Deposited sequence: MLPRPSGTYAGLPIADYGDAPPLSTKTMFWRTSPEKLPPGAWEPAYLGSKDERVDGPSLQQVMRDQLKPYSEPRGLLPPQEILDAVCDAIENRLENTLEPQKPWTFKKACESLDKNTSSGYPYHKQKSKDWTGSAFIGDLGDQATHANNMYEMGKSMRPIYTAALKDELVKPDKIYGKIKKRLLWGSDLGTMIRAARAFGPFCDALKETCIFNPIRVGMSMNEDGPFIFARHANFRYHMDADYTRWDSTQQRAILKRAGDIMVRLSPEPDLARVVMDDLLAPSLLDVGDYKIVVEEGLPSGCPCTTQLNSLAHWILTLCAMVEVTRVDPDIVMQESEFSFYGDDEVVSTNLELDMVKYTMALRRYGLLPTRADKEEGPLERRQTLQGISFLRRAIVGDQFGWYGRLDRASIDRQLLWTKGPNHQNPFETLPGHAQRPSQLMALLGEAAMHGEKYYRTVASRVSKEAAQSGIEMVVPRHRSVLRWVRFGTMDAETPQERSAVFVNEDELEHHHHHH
């Protein structure tokens, strides 16, 4: 750890080991025809992107790192924070079934084998996986990490920075180029965090309908119940935060982590891992590993739950600050849904929206109105039209459900995933059945008319069910 200075506003701690940022996309066009105006396309691919002449990917990454050197917003008032945290912990103790510890074997099995091991080998995890265990280098890395876990010994996570290959609005390619920062965790940290927090994460997933952290929900199976519950409350809103992860305070995440640790079956071992996760983070940006003291270190498996929990603490602190009602009463009078930064907030309380917005902003968060104008967040008295997990919530005669917007459905027709390549507009030879049947489902939820337009598009080239049938399957079966 010898070099020094400042990289993208953040301290340099060492030289970096990360491989080069990706110059390819997994998205291919489904026909050679020209795309409509305003059509979304895969994010910028760097100096070799034929579509535009933009900055280096490393510069694009430096842009994403800016928010992490911004100053934090403020802690909620301490007396409110303490009471909110207690009420959250208490609700979780009243609902979660105690779990057994996770074994090394279980931890290994849980890892997604089709992503990278991160530092130091940067290889797809499948490559040292036998079907039942890690061998070779990953085996060594995993076993060592597991030993350290069992001994309650600290290890420093090393995260690897990347940029997300996804379809984006054209202006993010042909205007001011943007591309989203991803933190990839090192396999050692994944093994330790899996063993320590997999149990809590499982317990919490079993309650995803009765508790606000919805991670693990099935939209088609649980959405109807989840949204029917929200609708029992009068006022509905969604703060639609900007840059949620980069604006988090580690002090808040430490509060969320404390709760996770105390509700874990190996709390002394889990405490060591959570402290490592929340200590100033080492992020490999290629040239340098830099130190990031603030924001969400979003590599590991449990981080969505941790982030969700931090979301819960802040939303509730803001509501208590403004309404001056006790946390437990706010919770009696509300239904929340959280998935990382994504929220739905339903309440019977008459919130002073201007005062609510100001408190969120005082905490360093960046809530945004639907019109992106300045001023206070808005609320409505129907759940319908609020979104969660990229679906509009819709109510009808049969009940509530989540519907994918037409535009997202169109997009999945224009593009298909396949191996990585350099030119997005290239069509993939050689035809995705189950994915077609799913698309018909979503199309169906928009009526027979739109369903039929999508149904023709699907027939090419390529068992096309009737609207009424498929609707019934997706809504009820």
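- Residues of the deposited sequence missing from the coordinate set occupy positions 1-2, 434-435, 467-473, 489-515.
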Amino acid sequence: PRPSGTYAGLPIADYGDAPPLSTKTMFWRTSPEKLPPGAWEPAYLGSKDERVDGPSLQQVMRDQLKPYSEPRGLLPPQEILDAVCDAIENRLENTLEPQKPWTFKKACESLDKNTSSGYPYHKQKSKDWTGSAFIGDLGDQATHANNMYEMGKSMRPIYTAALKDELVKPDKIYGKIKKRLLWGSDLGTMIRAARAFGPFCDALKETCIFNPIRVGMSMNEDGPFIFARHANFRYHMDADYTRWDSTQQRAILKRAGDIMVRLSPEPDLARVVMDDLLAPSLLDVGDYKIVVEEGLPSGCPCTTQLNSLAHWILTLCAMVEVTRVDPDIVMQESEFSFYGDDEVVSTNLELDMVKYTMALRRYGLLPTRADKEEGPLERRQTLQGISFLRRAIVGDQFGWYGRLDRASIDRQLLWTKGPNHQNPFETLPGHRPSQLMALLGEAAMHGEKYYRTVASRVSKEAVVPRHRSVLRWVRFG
From here on, numbers count along this sequence of modelled residues.
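Take the two forms, superpose them, and find the largest set of C-alpha atoms that agree within 1.5 Å; that set is the rigid core.
- Put simply, when the other structures in 8 other deposited structures of this protein are lined up on the rigid core, the C-alpha atoms of 363-371 lie farther off than those of the other stretch, from 91-99 and 363-371.
- After superposing on the rigid core, the larger RMS C-alpha deviation in 8 other deposited structures of this protein belongs to 383-391, the other candidate being whichever of 383-391 and 180-188 remains.
- For the two regions 70-78 and 157-165, the entry's Cα B-factors average higher over 70-78.
- For the pair 315-323 and 241-249, the mean B factor over Cα atoms is greater in 315-323.
- The PDB entry gives the largest Cα B-factor of the residues 359, 263, 182, 191 to 359.
- When the C-alpha B factors of 199, 136, 301, 364 are read from the deposited coordinates, the top value falls at 301.
- Annotation for residue 375: CA B-factor lies in the highest third of the chain's modelled residues.
- Among all modelled residues in its chain, residue 64 ranks in the lowest third by Cα B-factor.
- In this PDB entry, residue 340 carries a Cα temperature factor that places it within the lowest third of its chain's modelled residues.
- Compared with the other modelled residues of the chain, the Cα B-factor recorded for residue 121 ranks in the middle third.
- Per-chain ranking of the deposited C-alpha B factor places residue 465 in the highest third.
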